[PDB]
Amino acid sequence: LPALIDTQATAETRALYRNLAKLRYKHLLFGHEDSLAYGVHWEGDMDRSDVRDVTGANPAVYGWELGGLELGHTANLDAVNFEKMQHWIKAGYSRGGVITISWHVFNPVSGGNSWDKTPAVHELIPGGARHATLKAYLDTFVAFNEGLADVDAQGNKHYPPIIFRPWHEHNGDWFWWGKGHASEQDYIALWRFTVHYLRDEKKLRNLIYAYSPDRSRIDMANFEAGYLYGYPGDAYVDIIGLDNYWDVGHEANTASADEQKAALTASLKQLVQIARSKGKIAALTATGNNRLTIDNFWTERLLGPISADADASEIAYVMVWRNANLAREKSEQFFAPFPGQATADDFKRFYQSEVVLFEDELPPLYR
């Protein structure tokens, strides 16, 4: 019933969207960022994941990150080599997994990173002095995407579908495309251009577009209004996403565990209600408890509140963030366990849940 904004999307892309729409009622796909690139205690293996090391299975959804690609870097902002990333994307896809991509775009004005709040959006949008830069930036993704293609025996090109999730958490003020640094109208212009350019000018047919405000800057008393701040329109969005680290034990959140559980459920319920009204699909596009310090985090703080409400449960997937390599990054940051980590057994329970799907129990999503 939901239809993609790309009316000409590849058969595999259309199939993915249709199958997510069917599966969402009774199941939840589990995703992990940079899952094959490294783990907390390893890097270099060509086919490994902390998630698999714990459960025996790969995540169903593989998140990847392009920041730095736009600058012609060999590797992204977390030192993930782009060539390796292309191979890892193809490998996951070949096993039936789902691919999603974010993009912490560097600041073109200062040459700083996404957290450099020097204004840039007004300059990047059509009519802006730096509009050529936006095109050049997006062109690098067009090229990256070509490195994902195969050609069949008949000479037809095929690609992994990609859930493309740009310009995320835009209701926050921490990125240069965020509130306080870009007008709402200019953000909308940026979004609409991104879609026109990739879908219409460049004729990419393997993309599903995900919109992803941050829950931590939405007023729960007025959720829909907060959610739709900077919303570019139904003709520009396929997935009604949400980044919510807030209700899952964010260190700055003083709300009680029980209050947080209720808020997580309420946030996903309202997310799903918005998706329903718009004929889209909802998802929890980023979440997790950094360093997994919460007892039974997976069953008690994530799955329980999702499953508590039949609307909230209608999200198609949930993705947790990356397992930063300690030897390399100097500070513990991780959102999935690794063997011996305190929540590993509870993560096995999460995996074992009939509702939750990892790679190993996905139906064929691409037909």
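Residue numbers run from 1 along the displayed sequence.
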{"query": "Stretch with the greater mean C-alpha B-factor as recorded in the entry, comparing 338-346 against 323-331", "finding": "323-331"}
{"query": "291-299 versus 205-213 - greater average Cα B-factor per the deposited record", "finding": "291-299"}
{"query": "Out of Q154, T194, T285, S102, highest CA B-factor residue", "finding": "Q154"}
{"query": "Chain-wide C-alpha B factor ranking for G147, given as lowest, middle or highest third", "finding": "highest"}
{"query": "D309 CA temperature factor, ranked by third within the chain", "finding": "middle"}
{"query": "Entry-reported Cα temperature factor of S256, expressed as the chain third it lands in", "finding": "highest"}
{"query": "For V40, the third of its chain into which the C-alpha B factor falls", "finding": "highest"}
{"query": "Third of chain Cα B-factors occupied by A79", "finding": "middle"}
